[PDB]
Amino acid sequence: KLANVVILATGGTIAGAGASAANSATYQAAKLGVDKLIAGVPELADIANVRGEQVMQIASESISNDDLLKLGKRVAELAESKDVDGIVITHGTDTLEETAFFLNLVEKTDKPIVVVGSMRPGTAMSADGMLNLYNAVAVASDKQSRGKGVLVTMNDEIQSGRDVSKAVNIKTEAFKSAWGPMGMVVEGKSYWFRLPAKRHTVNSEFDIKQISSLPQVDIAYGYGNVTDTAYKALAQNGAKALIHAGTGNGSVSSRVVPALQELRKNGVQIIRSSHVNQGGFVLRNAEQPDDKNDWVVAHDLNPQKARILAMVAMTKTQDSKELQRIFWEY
């Protein structure tokens, strides 16, 4: 008996088209409906009972918080159904890593949730999307996937939705984690080498069923001669937390520290992330006196991931010590 998998389509390159077969990089995203994606991979019927829903049809660089809530809530309804064994979400690659981490935090289900895209449109020579979709459905239909948290199945890899990131442009090996792939998927079969250590899905303190709005969180970049301008402007326009994408170990310019102190006193959470994204993490109290300033370090999380965690966390708490525990457990 085959697993019941639902594919939730959101758009992306995987649903895209280029003018010619040699257009692997210049294309229009989000053109094909979910039923055309499914019919494009007839071998899906060999591995699962598949049906599709069009949740939205967007280029993922323009995704909104409202899109995330709509998708999170539809994933929760499907996961609660006895007729659903696994869920695949087809997604643009640009913000795939943000959606995957979001769902990893707010979906309290051990049913497999797989997020997948492609780096080339389905019209291109050697398009990667067909096999990525096949692999996603294979992983969503595998008992081995239960309880593993949200997964991403590109480039024959099983990556954790927590810490996989789009790290390489153009190439099909775009998605990498500092902590490695957890497995590989080859000819429909899953091979596992690592397990998640961080809190996710069924062991998460967050639940999409209790979230009807997300706090506004924005991101400012650190660099030589940076000023406090972007930090102040983002807060003046409603940011409840600022993710600092610092140089090095979340380092803050002497030009910017005084603004961040004023902003924290005014209730803006200050979360130190970095643009040093291949490995390591940001250490509390090392580059800045986080205890004295009541700031938070983002640990290993890149700025756009730290934004996702901060927004979900701030649905429940504004206690900077609780936010720091969250950044250490998820």
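So that there is no doubt, residue numbering starts at 1 and follows the sequence shown.
J.: Hey, does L309 show up as a hole in at least a third of the other compared models?
T.: Other entries vs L309: none skip it.
J.: At least a third of the other compared entries lacking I14?
T.: No.
J.: For the higher mean C-alpha B factor in the entry, choose 115 to 123 or 228 to 236.
T.: According to the PDB entry, the answer is 115 to 123.
J.: If you take the mean CA temperature factor per stretch, which one wins between 187 to 195 and 80 to 88?
T.: Comparing 80 to 88 with 187 to 195, the higher average CA B-factor belongs to 80 to 88.
J.: Considering only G40, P303, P289, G280, which residue's Cα atom bears the greatest B-factor as recorded?
T.: Highest CA B-factor of the listed options: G40.
J.: Using the B-factors in the PDB entry, rank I211's C-alpha atom against the chain and give the third, lowest, middle or highest.
T.: Highest third.
J.: Taking the C-alpha B-factors as the PDB entry records them, is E98 in the lowest, middle or highest third of its chain?
T.: Its C-alpha B-factor belongs to the lowest third of this chain's values.
J.: Which third, lowest, middle or highest, does the CA B-factor of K265 fall in along this chain?
T.: Middle third - that is where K265 ends up once the chain's C-alpha B-factors are sorted.
J.: Lowest, middle or highest third: where is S253 by Cα B-factor in its chain?
T.: Its C-alpha B-factor, which the entry lists for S253, ranks in the lowest third among residues of this chain.
J.: Please rank the C-alpha B-factors of the chain's modelled residues and tell me whether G147 sits in the lowest, middle or highest third.
T.: Ranked within chain, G147 CA B lands in the highest tercile.
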